[PDB]
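Inspection log for the structure reproduced underneath, given as C-alpha cells.
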Amino acid sequence: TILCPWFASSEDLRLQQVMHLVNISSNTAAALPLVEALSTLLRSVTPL
Amino acid sequence: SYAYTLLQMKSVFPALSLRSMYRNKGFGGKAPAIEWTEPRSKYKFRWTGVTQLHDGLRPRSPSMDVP
C-alpha cells in the first residue's frame with residue numbers, strides 16, 4: 001500500500017490559476033516573466 | 001627560488017575567479033544567444049539575441065575553491 005498523493009481534479013487546478021492570476025499584477029511587467037519562462041524552455045528544447 | 005614559487009601559483013587567480021564564478025544561489029543577468037550555423041562543417045556563428053540567466057543556467061560544475 002503505497003500512497004503518493006499528487007493529483008488534483010481539473011476543478012482544483014483551475015481554481016488555483018485564477019488565484020494565481022489574482023495574486024499577480026495585471027500590468028505588462030508581471031506577465032512578462034510568464035511569457036519568457038516558456039520562451040526559455042522553447043529555446044532549450046527545439047529542433048529549429 | 002622566486003620563479004619556481006611564482007610558477008607553483010601560476011593558476012591560483014584564474015581558479016579563484018575565472019574557473020569558479022557563479023556557484024552561489026542568486027544568479028542572473030544577460031547572456032548572448034549565439035547559435036551554431038546548422039551546416040556543421042562550415043564553423044560559422046551568428047549572434048541571435050540575448051538570454052536571461054537563471055539558477056538552472058549557473059554552472060553545475062564544482063568550484064575550484066577547495067583545490
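Which residues, counting only those in the range B:30-48, are within 13 Å of chain A (Cβ to nearest Cβ), surrounded by fewer than 11 Cβ atoms within 10 Å (Cβ to Cβ) and assigned to a strand (DSSP E or B)?
Matches in the range B:30-48: B:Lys30, B:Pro32.
For the range B:28-52, which positions are touching a residue at least 12 places away in the same chain (Cβ under 8 Å) and either acidic (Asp, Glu) or over 18 Å from A:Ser44 (Cα atoms) (or both)?
The answer is B:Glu35, and nothing else.
Restricting to the range B:1-27, count the residues that are of a type outside the set (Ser, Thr, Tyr), without any contact (Cβ under 8 Å) to a residue 12 or more places away in the chain and more than 22 Å from B:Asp55 (Cβ to Cβ).
Final tally of qualifying residues: 9.
Look through the range B:1-29, keep the residues that are surrounded by 10 or more Cβ atoms within 10 Å (Cβ to Cβ) and of a type in the set (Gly, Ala, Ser), and return whichever of them is farthest from the other protein chains (Cβ to nearest Cβ).
Restricting to residues being surrounded by 10 or more Cβ atoms within 10 Å (Cβ to Cβ) and of a type in the set (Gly, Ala, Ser), the top hit is B:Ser11.
Virtual Cβ from ideal backbone geometry, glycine too; neighbours counted across all protein chains shown. Here, each number is a calculation from the coordinates, and none is a lab measurement.
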